[PDB]
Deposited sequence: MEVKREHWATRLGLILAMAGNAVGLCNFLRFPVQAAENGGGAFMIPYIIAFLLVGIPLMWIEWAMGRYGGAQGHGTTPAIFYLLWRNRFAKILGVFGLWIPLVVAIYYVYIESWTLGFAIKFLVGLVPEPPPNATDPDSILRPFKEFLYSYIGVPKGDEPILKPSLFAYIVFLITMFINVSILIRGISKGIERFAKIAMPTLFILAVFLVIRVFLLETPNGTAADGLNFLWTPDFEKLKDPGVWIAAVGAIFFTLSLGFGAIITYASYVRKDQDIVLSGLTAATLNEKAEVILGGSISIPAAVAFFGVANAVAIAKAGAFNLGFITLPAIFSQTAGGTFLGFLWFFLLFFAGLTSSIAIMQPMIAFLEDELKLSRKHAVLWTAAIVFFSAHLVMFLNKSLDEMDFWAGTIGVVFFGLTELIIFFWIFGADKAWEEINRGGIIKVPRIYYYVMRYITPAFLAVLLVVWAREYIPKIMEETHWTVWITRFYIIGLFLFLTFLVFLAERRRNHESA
């Protein structure tokens, strides 16, 4: 079995797993949507009660299954629960990361295409708010092909489609080289490049000042202290830490049987929170508060993540010295943040085809890329198909799967056996208070917030096109698990 080469590469790959498009596009919107500092109190509590303990649990289940040559949840769930229903529930560990990748890599291709056009300077040129925002709103709308009539049909540009082929190629070139020579070798290069670009953008944004305000006013808003906020904070913690995607589990399956996971997992989770709360929150919102004030920035944040990251922020930079190049640094930061994460949610399908169907790494990567590339045409051409996948897999699915794997590992497999499996080989030991959080508090926290979510919030016909296709993806993945059974 493939293994991580160095301790540093494991941390950076796991950090690159978590540090992604959410740190810079999704977290600023959710924090500003829910009161800035008001959102942080549930966000911090969710990180301590859900994010941290589920980090250690997924590290344990991955290393446990990896020791037996099984990197994905269809087999690992069966190793922790000798039931055929554990294999069925494990399919979500293949379905969730595959569905999320189907729209994630496409949005990642947006950042690459924008970074290219912003580097060559093929960007809209506004003259001396709507008069400068419209050239950038139309720039994104022409790139992805926003519908102009009633038909919910996206018409991507030839450039956007070609950049998506390039983006898939860059993902394949990294994945096909393996864990150590591919994912780990790229993490040692991409994470320092990511941190430097983010710190520079934070510094440059902190120098923004207009009559409407300063960047410090946005920092004061996001740090000054409703069930919907608690749902938003816990959901954000899942997505930003890559929990519930089966991605941490597959990566951890290449950690050696006796290596530390307690300190290593805690460091990667901490690195992500630093990148998100310190670096990510200090760019988008402060630059918007500087140019529009706090009240308008909360209004701009409610307009969406794509609006702030692809329209508003490049339009703000277009008013500063060298802002076109600053937009390139911004979009290149997003591309490396997405690239280190998209390879992480495609590796589970790779590891499954390798471990359970005995496919060569080359074959597993190419077929996984074929499935993602083909399925992504739904996200590229059907309007709001992206939103439907992000809801079922990236929103509902991850919280459902997070509670599922905890019950399997810490209840069905045994609370004492799981706790001993987590701390085994750890440089440090998990604080004994977290044993009771894992066994009682975390599943109670998830079950309560998940019931309010289902009972109070979940209740166009084209959404069935996406539901029909991703339900078929689950059936197809179930059939592959069945074929893996028949071989044994």
{"item": "Deposited-sequence segments unaccounted for in the coordinates", "value": "1 to 4, 133 to 136, 234 to 239, 474 to 479, 509 to 513"}
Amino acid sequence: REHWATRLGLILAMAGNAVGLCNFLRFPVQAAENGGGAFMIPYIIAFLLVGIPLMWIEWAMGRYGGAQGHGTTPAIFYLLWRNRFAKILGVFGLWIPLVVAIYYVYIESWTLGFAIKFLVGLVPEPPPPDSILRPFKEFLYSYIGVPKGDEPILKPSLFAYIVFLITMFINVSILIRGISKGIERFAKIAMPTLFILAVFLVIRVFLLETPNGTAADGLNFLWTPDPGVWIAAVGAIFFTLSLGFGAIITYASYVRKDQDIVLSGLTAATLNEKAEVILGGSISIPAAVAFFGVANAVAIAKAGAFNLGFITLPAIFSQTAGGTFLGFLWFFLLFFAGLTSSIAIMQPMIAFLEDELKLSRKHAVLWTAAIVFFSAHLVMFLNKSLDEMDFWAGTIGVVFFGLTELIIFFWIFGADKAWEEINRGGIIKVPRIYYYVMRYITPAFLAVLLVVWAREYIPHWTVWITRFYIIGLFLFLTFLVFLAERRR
From here on, numbers count along this sequence of modelled residues.
| query | finding |
| --- | --- |
| Entry-level comparison of average CA B-factors, 396 to 404 and 150 to 158, reporting the higher stretch | 150 to 158 |
| 417 to 425 or 33 to 41, whichever carries the higher mean Cα B-factor | 33 to 41 |
| Residue selected from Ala232, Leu357, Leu89, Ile166 by maximal Cα B factor | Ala232 |
| Candidate set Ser341, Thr368, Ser284, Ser385 [ranked by C-alpha B-factor, highest] | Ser284 |
| B-factor third for the C-alpha atom of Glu184 within its chain | middle |
| Third of chain Cα B-factors occupied by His377 | lowest |
| Within-chain third of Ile458 by Cα B-factor, per the entry | highest |
| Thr193 - which third its CA temperature factor falls in, relative to the rest of the chain | middle |
| Entry-reported Cα temperature factor of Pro443, expressed as the chain third it lands in | middle |
